[PDB]
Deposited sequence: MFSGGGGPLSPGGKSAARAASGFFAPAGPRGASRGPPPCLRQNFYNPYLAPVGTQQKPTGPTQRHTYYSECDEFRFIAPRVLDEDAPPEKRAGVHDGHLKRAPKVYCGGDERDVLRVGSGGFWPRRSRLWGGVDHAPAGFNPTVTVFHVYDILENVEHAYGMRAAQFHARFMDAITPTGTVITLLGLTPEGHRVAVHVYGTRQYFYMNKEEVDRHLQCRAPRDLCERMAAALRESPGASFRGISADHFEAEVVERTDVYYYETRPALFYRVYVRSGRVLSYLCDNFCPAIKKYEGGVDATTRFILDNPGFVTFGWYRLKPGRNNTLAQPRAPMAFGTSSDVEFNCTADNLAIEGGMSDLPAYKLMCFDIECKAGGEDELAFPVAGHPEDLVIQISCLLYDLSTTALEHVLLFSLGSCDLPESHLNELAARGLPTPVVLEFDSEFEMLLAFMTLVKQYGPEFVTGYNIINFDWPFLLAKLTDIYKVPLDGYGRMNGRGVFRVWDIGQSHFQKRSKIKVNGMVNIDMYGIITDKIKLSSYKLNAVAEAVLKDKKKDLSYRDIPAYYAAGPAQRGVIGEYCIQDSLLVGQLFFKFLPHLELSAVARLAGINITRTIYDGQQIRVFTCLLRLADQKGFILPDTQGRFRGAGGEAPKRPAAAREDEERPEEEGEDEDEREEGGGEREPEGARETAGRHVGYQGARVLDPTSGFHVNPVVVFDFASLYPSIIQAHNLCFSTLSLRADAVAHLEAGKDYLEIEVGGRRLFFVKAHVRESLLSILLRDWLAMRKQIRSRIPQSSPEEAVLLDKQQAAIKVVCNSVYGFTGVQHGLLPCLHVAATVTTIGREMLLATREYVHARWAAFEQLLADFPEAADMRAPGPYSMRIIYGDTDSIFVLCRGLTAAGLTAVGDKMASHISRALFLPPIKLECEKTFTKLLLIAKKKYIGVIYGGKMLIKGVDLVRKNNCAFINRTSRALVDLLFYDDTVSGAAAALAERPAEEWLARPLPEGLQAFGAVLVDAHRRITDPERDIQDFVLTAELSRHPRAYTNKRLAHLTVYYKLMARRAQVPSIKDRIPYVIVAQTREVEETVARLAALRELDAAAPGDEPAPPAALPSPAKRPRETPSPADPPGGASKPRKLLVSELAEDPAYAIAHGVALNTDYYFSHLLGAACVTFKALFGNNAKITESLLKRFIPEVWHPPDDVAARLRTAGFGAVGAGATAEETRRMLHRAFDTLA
């Protein structure tokens, strides 16, 4: 029989391109020791380990590397009678795929699943682990993408009388498509219904009737959205099936624990037979969303595996010291270190070294690892680059680490490996992720950042977290070379074997290749220490849970999608649908009198809340607000020369305001629990509160991106305009209320002994986007941070609407103002700060 859907990774191989350095032939005379061999060879790829020899692709008892694999090439290697009961499972990632009833006809799927994919359907696959550490895939059927179109606009254009007709028109349009890739589509592939909704833009916008159109496929949806009737605005055609699955099932998360349960008519999840598995899992199920519930109370991460890896390459052209280029057949990967950790316990479980050529690790290294209590390295030796790279990808498929890390693996190691596998060898990669074929496995190097030469990676079912990104984001350093970072962060100074050394070491023999290997392993151990110090997976999963997107999109997609998805949830609840697209300048100088610094706390979010700014509260038209009282019911403000109106919360509440309010409440609840929490809970709660802060701080930016997911440049501009007005108001208030010491003392009598011998004055000397510096001649610094707290409260109360909050941040005893955003000063505690 064999698998229902073909496995595309290699499970057999009998011929391959053999490329190896000739220096590995110490049996050859000296003139024949330079360059690489490069020829075809007709034998099975092999690996050598400790005197034994195996075929790379053979699966059975005596393998050289660990496996967490049930099927291999369509043979079921599970023990006889393997049949674990699954109740709860953890989901770390979610895939979207199309299945076709016809293609699945000989998989014994129950009828309710077949109906969902007749003739085609989107299947949401939840990937994860049981408590027992079994790898699971749960295939959810019955999620449809949908978009909206204005009913009046559609009827007037297409002469539609009823939803049946619209379905005919869309079916017809696809039939007639260029390239004909929708032959066989009928008006049965669509369902249209009439609903009442409101466009999220502008206060005056009335509710209207829309067609809501359900589609079975993302491919069909993307075509309709950019081809069908381009004069008719579409709404929410950009929303993926995963998002509909998450938002349409209250409580569902993209990362967390679930339980299988009975569905509506006591339906049950159906276990798939092994030959119908779509992924490299131990167990697979078919279900609908009603067979799933969130499992509250479960919070511990299951035993996911982390692979930390690093490659070493050897340029083999005319210059041994040239940077290696993957397209050059002679520029080889020569080693790969691969450390496998349990992500729940942080324990290092396996230390693997893949070596092109024989490789004898130094006894000193082996003794050191033993002393540190770490696993004894397994050295896998190979005769050619292909055999080695195939073994590494074989390990990736068979062990299936859910998380992968390294240092600069996104910009160097993965691109280099995948360039060799695709361009030199012609290995398809689409079965090397979690899916057994047809899965995403792609790197794309990205533009604009042309100097930094950045990249993204997507590998289905694998979360790649590059520690270089984590550390450049999190720590300020002069150099982000791994050795410099290991000194700065781990306080773990170590030697560098330089790239200049590698060619001479490689050529010497197995002992010196062993020195290369030691240094490659030490590289990966350091990265592992960095990973387990910063725990970036806990940060990223916190954001994924909050934003309703998978952890993969959390890493690689930008800030906008986070806010968008949260907005989409709220907007739907409220009946909206989202359409598819000088006096503050510093006079430079040195001040020896104290300079108090007042900062607004989360200024832009606070403005959005305080002034009820939103897409939905804005009007560009005075007649929109003619029924309302000025001041009492709306804010009128000039922004870029236009008059804008924003109605107040009692007229209509801002969606953005609701999001921010609710997040800030949630962050307050979390930060209140941290002091009573146990130390592991404190780590999780800390990751959660931090995730909330990043999403809140992204709302302003979300509104200001022209050509973004849902721009409202009017909101963005209003925020900066109110910002500027607030700083000026603060300056004016300070200049007026506290021009004399008597007035200061009258408000704060603890000032009475802070009075220094010099003349009293209080003046704003600098102001940036959210802070103001106040020069307090005639006051001593000592009590001034306390009086500053009270000045800040006082101003906040006098001038501004909650939740706007001015705070006294610090006091400089001495300060050098250089320019905008450039200053040096000493804080009252004696510490120097430079910006």
Missing stretches, numbered from 1 on the deposited chain sequence and kept in order:
1-58, 640-699, 954-1235
